[PDB]
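Below: the structure, in structure tokens.
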Amino acid sequence: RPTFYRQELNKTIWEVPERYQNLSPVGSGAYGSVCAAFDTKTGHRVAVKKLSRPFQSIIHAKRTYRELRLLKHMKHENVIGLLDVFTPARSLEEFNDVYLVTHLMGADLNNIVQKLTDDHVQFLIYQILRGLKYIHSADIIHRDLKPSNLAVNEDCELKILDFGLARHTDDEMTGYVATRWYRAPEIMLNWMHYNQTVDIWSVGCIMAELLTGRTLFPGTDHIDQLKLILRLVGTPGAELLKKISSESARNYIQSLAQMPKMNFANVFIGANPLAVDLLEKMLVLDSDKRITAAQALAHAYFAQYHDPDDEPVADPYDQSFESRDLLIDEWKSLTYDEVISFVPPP
Ligand SMILES: NC(=O)c1ccc2c(c1)CCCO2
Ligand SMILES: [Cl-]
Ligand SMILES: [Cl-]
Ligand SMILES: [Cl-]
Ligand SMILES: [Cl-]
Ligand SMILES: [Mg+2]
């Protein structure tokens, strides 16, 4: 066990191993209570997150377990990974705080998206799809890909963030808000049981915005946003209508006058024809028919970066706990086991 020291940060007393020095608050609070630090063991600048009230309720205790399980599993160059996890507690009975350590990531894709060449768009979207192929191979659905969840460095290298945090609330999704502009229509409107294909819609929205400098579907509310979507991709045909299992939602969408899909070469004026082709394959209303991440990596738009021997998949991820009902102290004991069993990367 390392020696720990105490310091007052972010309105509480932080207690951390001596290896972490020069702690200072960082960020806007989006991912929790976070401080930057220098890790003297590795030489890395790191982010240290101290969870607030991780076990106050069943929902909070299970969410804490979920975040730790997901972060411990992710081992890929284009996905956030866990450098360390620690608690000052010496036993389960005194366990009450969890600290998570990752690489410090200053800028996100907003902070860049600058004059982006087509070569830049190729490299950025390639890296998102490489990470997504890995995530999806573990049967994990991201659900919230958007520019603020994509960390990028000075060499254009990218990592995907946002695993195991609280589900977004109805109020967070209301109005003229970026948290809804990237969502697939079937999840925005609860049309049907959704699956991993929601994430490919989000990638299409991001790619369009890198190419034009403008939000693709900046709706002022759910209904305005649906109208923007259907104007570009067309109103649904009978085949998709059958798959909308919500009778109410199916009835509303039939109240709208029918519209054909637009010509994407006339929407994305001047863009690489291979980029136009890929956008047409991602932004398909029927999710069954969208291109997958593994298929998209082989598209000719990425010919300069694609290497099928360097696009790895994930070890299997058991998420049977998601359907399990346990008491607070049982989720807490599972979390403690995962803290003490952590093995750091090479
Ligand atoms: N769960 C996440 O996706 C996530 C994102 C950022 C982040 C952390 C965790 C912990 C260290 C601070 O920064
Ligand atoms: Cl990482
Ligand atoms: Cl503790
Ligand atoms: Cl964003
Ligand atoms: Cl969500
Ligand atoms: Mg989110």
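With ideal geometry, Cβ positions are generated from the backbone for all residues, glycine too; neighbour counts draw on all protein chains shown. Each reported figure results from applying straightforward, stated rules to the coordinates on display, with no laboratory input.
Quick look at the numbers
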| item | result |
| --- | --- |
| Whichever residue in the stretch 72-115 is within 16 Å of ligand 4 (Cβ to nearest atom) and farther than 24 Å from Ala37 by Cβ and, among such residues, is surrounded by the fewest Cβ atoms within 10 Å (Cβ to Cβ) | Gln114 |
| Hits in the stretch 133-152 - residues which are in a helix (DSSP H, G or I), under 24 Å from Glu322 (Cα atoms) and away from ligand 2 (no atom under 16 Å from the Cβ) | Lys133, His136, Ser137 |
| Residues (charged (D, E, K, R) and surrounded by 16 or more Cβ atoms within 10 Å (Cβ to Cβ)) located in the stretch 1-44 | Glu15, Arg19, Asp39 |
| Any hit, the stretch 122-129, residues being away from ligand 3 (no atom under 16 Å from the Cβ) and under 30 Å from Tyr20 (Cα atoms) | no |
| Complete set of residues in the stretch 92-105 that are near ligand 3 (Cβ under 10 Å from one of its atoms) and in a loop (DSSP other than H, G, I, E, B) | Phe95, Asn96, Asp97, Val98 |
| Any hit, the stretch 116-133, residues being within 15 Å of ligand 1 (Cβ to nearest atom), under 27 Å from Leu228 (Cα atoms) and surrounded by fewer than 21 Cβ atoms within 10 Å (Cβ to Cβ) | no |
| Checking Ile291 against (1) within 19 Å of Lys133 (Cβ to Cβ); (2) surrounded by fewer than 16 Cβ atoms within 10 Å (Cβ to Cβ); (3) β-branched (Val, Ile, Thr), the condition it does not meet | (2) |
| Filter result for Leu240 (surrounded by 14 or more Cβ atoms within 10 Å (Cβ to Cβ) and over 26 Å from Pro273 (Cβ atoms)) | yes |
| Among (1) in a loop (DSSP other than H, G, I, E, B); (2) more than 16 Å from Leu68 (Cβ to Cβ), the one test that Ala296 misses | (1) |
| Residue match in the stretch 62-82 (condition: hydrophobic (A, V, I, L, M, F, W, C) and away from ligand 2 (no atom under 16 Å from the Cβ)) | no |
| Flag for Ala89 being among the small types (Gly, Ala, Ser) and either within 16 Å of ligand 3 (Cβ to nearest atom) or touching a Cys at 6+ places or on another chain (Cβ under 6 Å) (or both) | yes |
| Pair list, Cβ < 7 Å and 6+ apart or interchain, from the stretch 150-176 residues that are on the phi > 0 side of the Ramachandran plot to residues that are in a loop (DSSP other than H, G, I, E, B) and away from ligand 5 (no atom under 14 Å from the Cβ) | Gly175/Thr220; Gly175/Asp221 |
| Given (1) out of contact with any strand residue (DSSP E or B) (no Cβ under 8 Å at 6 or more places or on another chain); (2) of a type in the set (A, V, I, L, M); (3) closer than 19 Å to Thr179 by Cα; (4) surrounded by 19 or more Cβ atoms within 10 Å (Cβ to Cβ), index of the condition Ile223 fails | (4) |
| Search result, residues across the stretch 91-135 that are β-branched (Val, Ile, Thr), farther than 24 Å from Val203 by Cα and in contact with a helix residue (DSSP H, G or I) (Cβ under 7 Å, 6 or more places away or on another chain) | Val98 |
| Those residues of the stretch 134-158 which are under 25 Å from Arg214 (Cα atoms), away from ligand 6 (no atom under 15 Å from the Cβ) and touching a strand residue (DSSP E or B) at 6+ places or on another chain (Cβ under 7 Å), in sequence order | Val152, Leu158 |
| Residues being within 17 Å of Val98 (Cβ to Cβ), under 26 Å from the mean Cα position of the chain (by Cα) and assigned to a strand (DSSP E or B) - total across the stretch 1-47 | 6 |
| Residue count, the stretch 149-179 (criterion: touching a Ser or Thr at 6+ places or on another chain (Cβ under 8 Å) and within 12 Å of ligand 5 (Cβ to nearest atom)) | 3 |
| Subset of the stretch 180-213 that is within 16 Å of ligand 6 (Cβ to nearest atom) and among the β-branched types (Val, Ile, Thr) - its residue that is surrounded by the fewest Cβ atoms within 10 Å (Cβ to Cβ) | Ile187 |
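The rows are residues; the columns are (1) touching a helix residue (DSSP H, G or I) at 6+ places or on another chain (Cβ under 9 Å); (2) of a type in the set (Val, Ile, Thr); (3) loosely packed, with under 13 Cβ neighbours inside 10 Å; (4) farther than 30 Å from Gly237 by Cα.
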{"site": "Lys261", "(1), (2), (3), (4)": "yes, no, no, no"}
{"site": "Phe268", "(1), (2), (3), (4)": "yes, no, no, no"}
{"site": "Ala296", "(1), (2), (3), (4)": "yes, no, no, no"}
{"site": "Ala300", "(1), (2), (3), (4)": "yes, no, yes, no"}
{"site": "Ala303", "(1), (2), (3), (4)": "yes, no, yes, yes"}
{"site": "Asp310", "(1), (2), (3), (4)": "yes, no, yes, yes"}
{"site": "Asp315", "(1), (2), (3), (4)": "yes, no, yes, yes"}
